[PDB]
>>> print(open('run_5.cif').read())   # mmCIF, C-alpha atoms and all ligand atoms
data_target
#
loop_
_atom_site.group_PDB
_atom_site.id
_atom_site.type_symbol
_atom_site.label_atom_id
_atom_site.label_comp_id
_atom_site.auth_asym_id
_atom_site.auth_seq_id
_atom_site.Cartn_x
_atom_site.Cartn_y
_atom_site.Cartn_z
ATOM 1 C CA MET E 1 46.115 66.720 42.187
ATOM 2 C CA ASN E 2 45.324 64.940 38.977
ATOM 3 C CA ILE E 3 46.934 64.241 35.588
ATOM 4 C CA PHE E 4 45.875 67.644 34.204
ATOM 5 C CA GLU E 5 47.260 69.662 37.085
ATOM 6 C CA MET E 6 50.365 67.484 37.058
ATOM 7 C CA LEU E 7 51.147 68.032 33.389
ATOM 8 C CA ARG E 8 50.255 71.717 33.628
ATOM 9 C CA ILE E 9 52.947 72.148 36.273
ATOM 10 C CA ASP E 10 55.443 70.213 34.164
ATOM 11 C CA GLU E 11 54.803 71.787 30.768
ATOM 12 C CA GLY E 12 53.657 75.278 31.780
ATOM 13 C CA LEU E 13 51.395 77.354 29.515
ATOM 14 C CA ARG E 14 52.549 79.487 26.606
ATOM 15 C CA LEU E 15 50.192 81.278 24.245
ATOM 16 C CA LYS E 16 52.770 82.017 21.556
ATOM 17 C CA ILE E 17 54.810 79.505 19.490
ATOM 18 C CA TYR E 18 57.914 78.597 21.483
ATOM 19 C CA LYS E 19 60.740 76.113 21.282
ATOM 20 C CA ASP E 20 60.750 73.189 23.649
ATOM 21 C CA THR E 21 63.786 71.850 25.531
ATOM 22 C CA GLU E 22 64.792 69.915 22.342
ATOM 23 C CA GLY E 23 64.443 73.045 20.278
ATOM 24 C CA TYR E 24 61.115 72.032 18.664
ATOM 25 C CA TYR E 25 58.247 74.294 17.899
ATOM 26 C CA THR E 26 55.500 73.966 20.464
ATOM 27 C CA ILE E 27 52.582 75.936 21.821
ATOM 28 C CA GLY E 28 50.119 75.897 24.782
ATOM 29 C CA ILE E 29 50.638 73.170 27.317
ATOM 30 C CA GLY E 30 53.457 71.113 25.769
ATOM 31 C CA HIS E 31 51.679 70.645 22.447
ATOM 32 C CA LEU E 32 54.379 69.743 19.932
ATOM 33 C CA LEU E 33 53.714 71.325 16.557
ATOM 34 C CA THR E 34 56.523 70.008 14.356
ATOM 35 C CA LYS E 35 60.071 68.837 14.450
ATOM 36 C CA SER E 36 60.792 70.790 11.364
ATOM 37 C CA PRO E 37 63.092 73.738 11.627
ATOM 38 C CA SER E 38 60.698 75.968 9.824
ATOM 39 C CA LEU E 39 58.708 78.448 11.772
ATOM 40 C CA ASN E 40 56.386 78.575 8.878
ATOM 41 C CA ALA E 41 55.849 74.901 8.885
ATOM 42 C CA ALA E 42 54.958 75.424 12.611
ATOM 43 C CA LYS E 43 52.383 78.173 11.996
ATOM 44 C CA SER E 44 50.870 76.002 9.336
ATOM 45 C CA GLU E 45 50.532 73.019 11.666
ATOM 46 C CA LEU E 46 49.176 75.396 14.275
ATOM 47 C CA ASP E 47 46.433 76.854 12.062
ATOM 48 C CA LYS E 48 45.520 73.375 11.004
ATOM 49 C CA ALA E 49 45.303 72.216 14.645
ATOM 50 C CA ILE E 50 43.147 75.182 15.712
ATOM 51 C CA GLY E 51 41.026 75.590 12.593
ATOM 52 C CA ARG E 52 41.778 79.267 12.094
ATOM 53 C CA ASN E 53 44.491 81.655 10.990
ATOM 54 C CA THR E 54 46.323 82.172 14.175
ATOM 55 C CA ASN E 55 49.439 83.976 13.200
ATOM 56 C CA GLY E 56 51.215 81.905 15.891
ATOM 57 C CA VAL E 57 49.125 83.060 18.774
ATOM 58 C CA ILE E 58 46.265 81.236 20.525
ATOM 59 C CA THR E 59 43.938 81.898 23.429
ATOM 60 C CA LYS E 60 43.881 80.115 26.782
ATOM 61 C CA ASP E 61 40.680 78.217 25.777
ATOM 62 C CA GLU E 62 42.373 76.999 22.586
ATOM 63 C CA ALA E 63 45.420 75.900 24.613
ATOM 64 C CA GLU E 64 43.219 73.978 27.003
ATOM 65 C CA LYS E 65 41.407 72.379 24.170
ATOM 66 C CA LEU E 66 44.606 70.978 22.593
ATOM 67 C CA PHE E 67 45.617 69.860 26.072
ATOM 68 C CA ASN E 68 42.470 67.903 26.614
ATOM 69 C CA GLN E 69 42.935 66.213 23.259
ATOM 70 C CA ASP E 70 46.522 65.410 24.004
ATOM 71 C CA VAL E 71 45.790 63.822 27.371
ATOM 72 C CA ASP E 72 42.943 61.846 25.892
ATOM 73 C CA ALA E 73 45.228 60.633 23.098
ATOM 74 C CA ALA E 74 47.987 59.663 25.585
ATOM 75 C CA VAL E 75 45.540 57.564 27.580
ATOM 76 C CA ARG E 76 44.092 55.889 24.430
ATOM 77 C CA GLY E 77 47.583 55.237 23.107
ATOM 78 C CA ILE E 78 48.578 53.438 26.330
ATOM 79 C CA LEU E 79 45.369 51.345 26.216
ATOM 80 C CA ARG E 80 45.993 50.351 22.623
ATOM 81 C CA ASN E 81 49.588 49.494 23.194
ATOM 82 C CA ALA E 82 50.327 45.816 23.901
ATOM 83 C CA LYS E 83 53.380 46.740 26.020
ATOM 84 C CA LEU E 84 51.910 49.611 27.912
ATOM 85 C CA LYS E 85 48.449 48.437 28.610
ATOM 86 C CA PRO E 86 49.322 45.618 30.971
ATOM 87 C CA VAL E 87 51.575 47.993 32.948
ATOM 88 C CA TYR E 88 48.911 50.633 33.246
ATOM 89 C CA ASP E 89 46.255 48.049 34.303
ATOM 90 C CA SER E 90 48.575 46.840 37.046
ATOM 91 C CA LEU E 91 49.143 50.241 38.602
ATOM 92 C CA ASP E 92 47.376 52.324 41.240
ATOM 93 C CA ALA E 93 45.775 55.689 40.245
ATOM 94 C CA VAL E 94 48.694 57.841 41.137
ATOM 95 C CA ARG E 95 51.275 55.820 39.331
ATOM 96 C CA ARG E 96 48.912 55.624 36.303
ATOM 97 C CA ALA E 97 49.234 59.387 36.086
ATOM 98 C CA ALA E 98 53.033 59.107 36.059
ATOM 99 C CA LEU E 99 52.882 56.735 33.158
ATOM 100 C CA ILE E 100 50.540 59.063 31.288
ATOM 101 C CA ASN E 101 52.955 61.947 31.931
ATOM 102 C CA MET E 102 55.843 59.995 30.418
ATOM 103 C CA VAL E 103 53.741 59.019 27.436
ATOM 104 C CA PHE E 104 52.641 62.622 26.941
ATOM 105 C CA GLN E 105 56.269 63.692 26.996
ATOM 106 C CA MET E 106 58.002 61.145 24.905
ATOM 107 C CA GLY E 107 55.332 59.356 23.039
ATOM 108 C CA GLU E 108 54.161 55.813 23.209
ATOM 109 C CA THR E 109 56.999 54.329 21.248
ATOM 110 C CA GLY E 110 59.501 56.068 23.445
ATOM 111 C CA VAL E 111 57.924 54.676 26.630
ATOM 112 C CA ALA E 112 57.445 51.143 25.275
ATOM 113 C CA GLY E 113 61.230 51.142 24.808
ATOM 114 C CA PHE E 114 61.789 51.216 28.618
ATOM 115 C CA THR E 115 61.435 47.457 28.684
ATOM 116 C CA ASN E 116 63.299 46.807 31.893
ATOM 117 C CA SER E 117 61.652 49.675 33.799
ATOM 118 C CA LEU E 118 58.181 48.565 32.661
ATOM 119 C CA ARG E 119 58.801 45.052 33.887
ATOM 120 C CA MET E 120 59.914 46.398 37.210
ATOM 121 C CA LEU E 121 56.891 48.619 37.533
ATOM 122 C CA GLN E 122 54.616 45.739 36.703
ATOM 123 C CA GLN E 123 56.356 43.799 39.389
ATOM 124 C CA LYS E 124 55.909 46.597 41.873
ATOM 125 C CA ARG E 125 59.641 46.869 42.498
ATOM 126 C CA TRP E 126 59.469 50.602 43.064
ATOM 127 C CA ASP E 127 62.980 51.404 44.184
ATOM 128 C CA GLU E 128 64.435 49.298 41.423
ATOM 129 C CA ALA E 129 62.318 50.824 38.742
ATOM 130 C CA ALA E 130 63.290 54.294 39.954
ATOM 131 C CA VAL E 131 66.943 53.445 39.613
ATOM 132 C CA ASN E 132 66.574 52.023 36.116
ATOM 133 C CA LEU E 133 64.350 54.898 34.951
ATOM 134 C CA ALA E 134 67.173 57.364 35.825
ATOM 135 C CA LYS E 135 69.691 55.659 33.496
ATOM 136 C CA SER E 136 68.265 57.307 30.441
ATOM 137 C CA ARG E 137 68.749 60.188 28.067
ATOM 138 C CA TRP E 138 65.334 61.360 29.413
ATOM 139 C CA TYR E 139 66.584 61.776 32.946
ATOM 140 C CA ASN E 140 69.875 63.311 31.810
ATOM 141 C CA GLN E 141 68.263 65.855 29.556
ATOM 142 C CA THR E 142 65.317 66.966 31.805
ATOM 143 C CA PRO E 143 66.333 65.916 35.266
ATOM 144 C CA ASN E 144 64.019 68.053 37.405
ATOM 145 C CA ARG E 145 60.907 66.944 35.597
ATOM 146 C CA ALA E 146 62.156 63.331 35.257
ATOM 147 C CA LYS E 147 62.808 63.248 39.071
ATOM 148 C CA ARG E 148 59.249 64.381 39.743
ATOM 149 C CA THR E 149 57.854 61.547 37.616
ATOM 150 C CA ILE E 150 60.320 59.035 39.012
ATOM 151 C CA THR E 151 59.419 59.964 42.607
ATOM 152 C CA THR E 152 55.760 59.573 41.767
ATOM 153 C CA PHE E 153 56.489 56.038 40.519
ATOM 154 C CA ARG E 154 58.597 55.298 43.580
ATOM 155 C CA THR E 155 56.187 56.565 46.217
ATOM 156 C CA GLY E 156 52.798 56.366 44.769
ATOM 157 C CA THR E 157 52.019 59.823 46.183
ATOM 158 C CA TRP E 158 51.911 63.388 44.737
ATOM 159 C CA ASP E 159 54.675 64.608 47.091
ATOM 160 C CA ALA E 160 56.940 65.749 44.254
ATOM 161 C CA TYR E 161 54.289 68.100 43.028
ATOM 162 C CA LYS E 162 53.438 69.697 46.314
HETATM 163 CL CL CL E 201 46.068 68.243 16.675
HETATM 164 CL CL CL E 202 63.700 69.517 33.860
#
>>> encode(input="run_5.cif", output="C-alpha cells", more="lines below")
Ligand SMILES: [Cl-]
Ligand SMILES: [Cl-]
Amino acid sequence: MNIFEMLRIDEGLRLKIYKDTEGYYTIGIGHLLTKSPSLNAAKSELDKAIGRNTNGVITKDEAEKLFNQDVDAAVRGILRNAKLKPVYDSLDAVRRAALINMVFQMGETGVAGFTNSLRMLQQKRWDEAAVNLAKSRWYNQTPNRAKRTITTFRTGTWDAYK
C-alpha cells in the first residue's frame, strides 16, 4: 500500500465531470475543478487542466496524470508550510501518507488549522490525536473516509485499507 493506492481507494475514479460530497465539480481521482455552480465554468477549467477540448470527459491516462500532479503538489505544499512541515518530518512513513491524504482532501490551509491535533501528532500521542481529529466538521461530514485516515494516524499501519 502506498499514498497513491490509498487515495485511489478513498476518492475512486470517475472519467466524467461529477459532483463531490460537497456538491463541487470534480473529475478523475478527486481532482476538484471549481467551486462555482456553473457546469460550464467546470468544463472550462477542465479543458484548461488537460490542454484539449474535452467536452467533460477524460481518459484514464489523463485522470492519472492529474492525480500525479495533485499528489506531488500536496507533498510540496506540506514541505513549504511552516506548520505542516515539522509534523511531517516527525512522522513515520505510514503516518506521513495519512497527512498527505488529509492535505489532498482539504487543502493545506484546512489542515494547518488542526492546531491541537498537529501538536498531538508531533508529540506522538496517537490515541489523543485520534480523539481530537474526530471532533471536526471533516469527520462529521465524511465519517467513513475520516475514520480510515484517523485509524492510520492512530496505528501507524494500513489496516483500515485492507
Ligand atoms: Cl491543474
Ligand atoms: Cl465517507
>>> resolve_selection(input="run_5.cif", expression="the PyMOL selection byres (((not hetatm)) within 8 of (chain E and resi 202))", output="count of residues only")
6
>>> atom_distance(input="run_5.cif", atom1="atom CA of residue 98 of chain E", atom2="atom CA of residue 149 of chain E")
5.6 Å
>>> resolve_selection(input="run_5.cif", expression="the PyMOL selection byres (((chain E and resi 58) around 6) and not hetatm)", output="list in words")
residues 15, 57 and 59 of chain E
>>> closest_residue(input="run_5.cif", among="E:5, E:45, E:11, E:20", to="ligand CL 201 (chain E)", atoms="all atoms listed in the file")
E:45
>>> residues_near_ligand(input="run_5.cif", ligand="ligand CL 201 (chain E)", cutoff="9 Å", atoms="only C-alpha atoms and all ligand atoms", output="ChimeraX atom specification")
/E:31,33,45-46,48-50,66,69-70
>>> residues_around(input="run_5.cif", residues="residue 34 of chain E", least_positions_apart="2", cutoff="7 Å", atoms="only C-alpha atoms", output="list in words")
residues 24, 25, 32, 36 and 42 of chain E
>>> closest_residue(input="run_5.cif", among="E:75, E:39, E:118, E:17", to="residue 90 of chain E", atoms="all atoms listed in the file")
E:118
>>> closest_atom_pairs(input="run_5.cif", of="segment 49-121 of chain E", to="segment 126-139 of chain E", cutoff="8 Å", atoms="all atoms listed in the file", output="tab-separated table")
residue	atom	partner	partner_atom	distance
E:114	CA	E:133	CA	7.8
E:116	CA	E:132	CA	7.5
E:117	CA	E:129	CA	5.1
E:118	CA	E:129	CA	7.7
E:120	CA	E:129	CA	5.3
E:121	CA	E:129	CA	6.0
>>> write_last_selection(input="run_5.cif", atoms="C-alpha atoms", output="PDB file, in the coordinates of the input")
ATOM      1  CA  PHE E 114      61.789  51.216  28.618  1.00  0.00           C
ATOM      2  CA  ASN E 116      63.299  46.807  31.893  1.00  0.00           C
ATOM      3  CA  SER E 117      61.652  49.675  33.799  1.00  0.00           C
ATOM      4  CA  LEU E 118      58.181  48.565  32.661  1.00  0.00           C
ATOM      5  CA  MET E 120      59.914  46.398  37.210  1.00  0.00           C
ATOM      6  CA  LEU E 121      56.891  48.619  37.533  1.00  0.00           C
TER       7      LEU E 121
END
>>> closest_residue(input="run_5.cif", among="E:162, E:43, E:76, E:124", to="residue 56 of chain E", atoms="only C-alpha atoms")
E:43
>>> residues_around(input="run_5.cif", residues="residue 83 of chain E", least_positions_apart="2", cutoff="10 Å", atoms="only C-alpha atoms", output="PyMOL selection string")
chain E and resi 78-81+85-88+108-109+111-115+118-119
>>> atom_distance(input="run_5.cif", atom1="atom CA of residue 3 of chain E", atom2="atom CA of residue 101 of chain E")
7.4 Å
>>> residues_around(input="run_5.cif", residues="residue 28 of chain E", least_positions_apart="5", cutoff="6 Å", atoms="only C-alpha atoms", output="number ranges by chain")
E: 13-15, 63
>>> write_last_selection(input="run_5.cif", atoms="C-alpha atoms", output="PDB file, in the frame of the given file")
ATOM      1  CA  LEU E  13      51.395  77.354  29.515  1.00  0.00           C
ATOM      2  CA  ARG E  14      52.549  79.487  26.606  1.00  0.00           C
ATOM      3  CA  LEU E  15      50.192  81.278  24.245  1.00  0.00           C
ATOM      4  CA  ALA E  63      45.420  75.900  24.613  1.00  0.00           C
TER       5      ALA E  63
END
>>> atom_distance(input="run_5.cif", atom1="atom CA of residue 19 of chain E", atom2="atom CA of residue 152 of chain E")
26.8 Å
>>> closest_residue(input="run_5.cif", among="E:4, E:84, E:74, E:89", to="residue 104 of chain E", atoms="all atoms listed in the file")
E:74
>>> closest_residue(input="run_5.cif", among="E:23, E:156, E:77, E:30", to="residue 95 of chain E", atoms="only C-alpha atoms")
E:156
>>> resolve_selection(input="run_5.cif", expression="the PyMOL selection byres (((chain E and resi 157) around 12) and not hetatm)", output="list in words")
residues 1, 2, 92, 93, 94, 95, 96, 97, 98, 148, 149, 150, 151, 152, 153, 154, 155, 156, 158, 159, 160, 161 and 162 of chain E
>>> closest_residue(input="run_5.cif", among="E:6, E:103, E:91, E:29", to="residue 64 of chain E", atoms="only C-alpha atoms")
E:29
